[PDB]
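The structure appears right after this line, and notes come after that.
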Amino acid sequence: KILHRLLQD
Amino acid sequence: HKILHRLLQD
Amino acid sequence: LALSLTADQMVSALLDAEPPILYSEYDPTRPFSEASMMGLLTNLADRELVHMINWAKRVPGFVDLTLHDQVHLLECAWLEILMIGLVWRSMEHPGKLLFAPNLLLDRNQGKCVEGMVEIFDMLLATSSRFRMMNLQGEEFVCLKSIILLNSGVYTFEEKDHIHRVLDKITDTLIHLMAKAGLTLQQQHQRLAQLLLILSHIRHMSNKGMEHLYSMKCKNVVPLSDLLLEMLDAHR
Amino acid sequence: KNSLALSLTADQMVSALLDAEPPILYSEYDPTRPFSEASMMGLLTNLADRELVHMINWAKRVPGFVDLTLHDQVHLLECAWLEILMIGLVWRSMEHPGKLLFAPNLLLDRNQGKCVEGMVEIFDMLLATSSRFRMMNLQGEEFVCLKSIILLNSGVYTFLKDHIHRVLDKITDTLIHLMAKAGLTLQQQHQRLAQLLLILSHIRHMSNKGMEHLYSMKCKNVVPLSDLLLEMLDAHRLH
Ligand SMILES: C[C@]12CC[C@@H]3c4ccc(O)cc4CC[C@H]3[C@@H]1CCC2=O
Ligand SMILES: C[C@]12CC[C@@H]3c4ccc(O)cc4CC[C@H]3[C@@H]1CCC2=O
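Residue numbers (full-length UniProt numbering), protein chains in the order written: chain A, 688 to 696; chain B, 687 to 696; chain C, 306 to 461, 470 to 548; chain D, 303 to 462, 472 to 550.
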C-alpha cells in the first residue's frame with residue numbers, strides 16, 4: 688500500500 | 687411524455 | 306404561501322403529508338432466490354414511488370416550481386428519499402432493514418443478491434446512526450423534504474425560491490431543537506450532524522443506482538416502466 | 303487518551319488549517335501540440351497524482367487526524383481523496399467564471415471538456431459548484447473548514472469513532488464563530504451553515520461520478536495510472 692507508506696513517511 | 691410527468695399532472 | 310408558514314405548521318403539514326407504510330407481497334412459504342428477492346424490492350419501490358409523487362406535491366413550495374423542475378427534482382431525489390424512508394423505519398430493528406412490515410431482511414439475507422450486501426451494510430450503518438442520535442420523526446420529515454429540494458437544485470431563477478424554502482426548513486429544524494431544550498451550540502452542532510448524513514445518503518443512492526442498472530442489463534428481474542423512467546434519468 | 307484538537311479555540315483551528323494549505327502545483331502541460339482524450343486525461347491524472355502527495359501531508363496537519371490509527375487514516379483518505387481534489391479545484395476556479403483552474407497554467411472551459419467523452423457532464427457539475435460558492439461569497443476560512451469536514455466525514459460511516476465526531480463538532484463550532492465574527496445574525500448563521508453543508512452532498516455526488524469515469528478510462532486503456540491512483544480507485548469498486 689503506497690498510501691500506507693506515504694502516511695507514515 | 688414520461689410517466690412521471692403525467693403522474694405529476696394528475 | 307410556503308415561505309409564510311410557521312415552523313409549527315411547517316412540521317404539521319409535513320407530518321400530515323407522510324406516505325403510508327406499504328406491504329410486501331412476499332410469501333413466507335417459498336424461500337429466497339436472487340431474482341425473487343429483487344423482484345420483491347423493485348415491485349415495492351414502484352408502489353412507494355407513486356405515493357412519493359403525491360407526497361412531494363404536498364411538500365410546501367414544491368408545486369410553486371415548474372413541472373419541468375418538479376420532475377428533475379423527483380428524478381434526482383427519488384432513490385435517496387426511498388433510502389432514508391427505509392433507514393427511518395428500520396431504526397429500532399437493530400441489524401435489519403424493514404423494507405416492509407412483512408419483509409424485514411437481516412444483513413445476511415443481503416447475500417441472496419450479488420452486490421447487494423455492500424449497499425445493505427451502508428443502509429444499516431445509517432440506521433445505526435439515526436438511532437444513535439435518537440432522530441425524531443419531526444426532524445425526519447424535514448430531512449426528507451430537504452433531500453427532495455436540495456438534491457437536484459444545482460443541476461438546473471427559481472433556484473433562489475428553492476433555497477428560500479430550504480432556509481425555512483432549516484429554521485424549522487432549529488426551532489425543533491430549541492424547543493427540545495438544546496443550547497445554541499448544541500443546536501448548530503446537531504443540525505450539522507444531520508446534514509452531513511445527507512452526503513452519505515447521496516453516496517448510497519449513487520451506489521444503489523449503479524446496482525439497479527446492472528440488474529437491469531442482466532435482465533434478472535423485470536422493472537416497471539415507471540422505475541425505468543426514473544432510472545434512465547440518471548445516465 | 304485525548305486530543306489537542308478538542309481544546310483548540312476557534313481562532314487556533316482556523317490558523318492551523320490555513321497554514322496547512324497545500325501549494326498550487328503546475329501542469330507539465332505542453333501548449334505546442336493538440337488536446338486529445340488520452341493527452342488531457344494524461345495531464346489531469348498526472349496533476350491528480352502529484353496533488354495527492356501534498357494532500358496526505360495536509361491531512362496529517364488537520365487537527366485530530368493523526369490521532370486516528372493508520373488504518374482509519376487510510377480509510378478516510380481513500381474515501382475522500384477525490385472530493386478533496388474536487389473542492390480544491392472549485393475553490394481555485396471561483397473568480398474565473400465558466401472555467402476550471404486545474405493549474406495556473408491549465409485553465410479549461412466546459413468545451414475543452416468534450417475532448418474526453420464522458421467528462422463534460424462532470425465539468426458541468428464542477429462549474430455549477432463554482433458559481434454557487436461564488437454567489438454565496440465563500441471565504442477561505444470557511445473553505446478550509448469544509449475541506450476538513452469532507453476528510454473526516456466522508457469515510458466515518460463506513461467504519462464497520473466518537474472522537475471523529477467530536478472534532479467534526481469543533482469544526483462546526485469554528486464555522487459558526489467565523490460567521491458571527493463576519494457579523495451574520497444568529498439565524499443567518501444557521502442558514503449559512505446548512506447551505507454550506509448541503510453543497511457537500513453534491514460534491515459527494517461529483518466524486519462518485521468522477522470515480523466511475525476514471526474507472527472507465529482505466530478499463531479502456533486510454534491512459535496509464537500511477538500505482539498510487541490505481542490503489543485509490545481500488546478502494547472503491549466499480550462495474
Ligand atoms: C433500487 C434497488 C431496488 C429497490 C430497493 C428499495 C426498495 C424499496 C425501498 O423502500 C427502499 C429500497 C432501497 C434500495 C433499493 C435498491 C438499491 C439497488 C436496487 O436495485
Ligand atoms: C479523476 C478525473 C481526472 C482528474 C480530475 C482532477 C484532476 C486534478 C484536480 O486538481 C482535480 C480534478 C477533479 C476531477 C478529476 C477527474 C474526474 C473524472 C476523472 O477521470
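Note that CB positions come from ideal geometry on N, CA and C, so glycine has one too.
Secondary structure at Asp369 of chain D: coil, using DSSP grouped into helix, strand and coil. Among the bridge pairs identified by DSSP, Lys529 of chain D is matched with none. Shown here, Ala322 of chain C sits in coil according to DSSP, grouped into three states, outside any helix or strand. Taking 7 angstroms as the CB threshold, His687 of chain B stays off the interface with chain C. Beta-bridge analysis with DSSP links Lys401 of chain D to D:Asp411. Burial is judged here by how many other beta carbons sit within 10 angstroms of a residue's own beta carbon; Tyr328 of chain D has fewer than 16 and is exposed. Here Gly521 of chain D is buried, its C-beta having at least 16 other C-beta atoms within 10 Å. Under a criterion of Cβ atoms nearer than 7 angstroms, the residues of chain D adjacent to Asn455 of chain C are, in order, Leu509 and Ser512. By the Cβ test, the segment 387-400 of chain C is not in contact with the segment 478-488 of chain C, since fewer than three Cβ pairs between them sit closer than 8 angstroms. Remark: the shortest separation between the CB of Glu523 of chain D and any heavy atom of ligand 2 does not fall under 6 angstroms. Shortest Cα-Cα distance from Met438 of chain C to any of C:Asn532, C:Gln506 and C:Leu408 involves C:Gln506.
Shown here, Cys417 of chain C sits in coil according to DSSP, grouped into three states, outside any helix or strand. Take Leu379 of chain C, set aside five residues on each side of it, and the residues of its chain with a beta-carbon closer than 7 angstroms to its own are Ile358 and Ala361, in chain order. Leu693 of chain A sits away from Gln375 of chain D, with the two beta carbons spaced by 7 angstroms or more. Closer than 7 angstroms to the CB of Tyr459 of chain D there is at least one CB belonging to chain C.
One finds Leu694 in chain B with Cβ atoms closer than 8 angstroms to the Cβ of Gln375 of chain C, taken in chain order. Around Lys529 of chain C, the same chain offers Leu536, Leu541 and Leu544 as residues with beta carbons nearer than 8 angstroms, after the five sequence neighbours per side are excluded. Interface residue (Cβ-Cβ distance to chain D less than 7 angstroms): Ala312 of chain C is not classified as such. Proximity of the beta carbon of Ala340 of chain C to ligand 2 is not indicated: no heavy atom of the ligand is located closer than 6 angstroms.
The DSSP-derived three-state label of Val458 of chain C is helix. Burial is judged here by how many other beta carbons sit within 10 angstroms of a residue's own beta carbon; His501 of chain D has at least 16 and is buried. Taking 7 angstroms as the threshold, the shortest C-beta distance from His516 of chain D to chain C falls below it. For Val355 of chain C, the uninterrupted alpha helix (DSSP H) run begins and ends at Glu339 to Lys362, by DSSP. Chain D has no Cβ within less than 7 angstroms of the Cβ of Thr496 of chain C. Residue range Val422 to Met437 is occupied by the alpha helix (DSSP H) that includes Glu423 of chain D. The CB of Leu372 of chain C comes closer than 9 angstroms to the CB of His691, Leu694 and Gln695 in chain B, given here in chain order.
By the neighbour-count criterion, in which 16 or more other beta carbons inside 10 Å mark a residue as buried, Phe461 of chain C falls on the exposed side. Flagged as an interface residue toward chain D: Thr483 of chain C, by a C-beta distance shorter than 7 angstroms. Within the segment 517-546 of chain D, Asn519, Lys520 and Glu523 place their CB atoms closer than 8 angstroms to a CB of chain C, listed in sequence order. Sequence-distant Cβ neighbours of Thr347 of chain C in its own chain, meaning closer than 7 angstroms and more than five residues away, are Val534, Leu536 and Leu540. Taking the CA atoms as reference points, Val364 of chain C sits about 17 angstroms from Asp473 of chain C. Contact annotation, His476 of chain C with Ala312 of chain C: C-beta distance approximately 18 angstroms; criterion of less than 8 angstroms not satisfied. Residue state for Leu310 of chain C is assigned as coil, using DSSP reduced to three classes.
Remark: fewer than three beta-carbon pairs, one from each stretch, lie closer than 8 angstroms, so the segment 440-449 of chain C and the segment 400-417 of chain C are not flagged as touching.
Around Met427 of chain C, the beta-carbon contacts reaching into chain D at under 9 angstroms are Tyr459, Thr460 and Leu462. By a beta-carbon distance limit of 8 angstroms, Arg515 of chain C contacts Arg515 of chain D. Their separation comes to about 5 angstroms.
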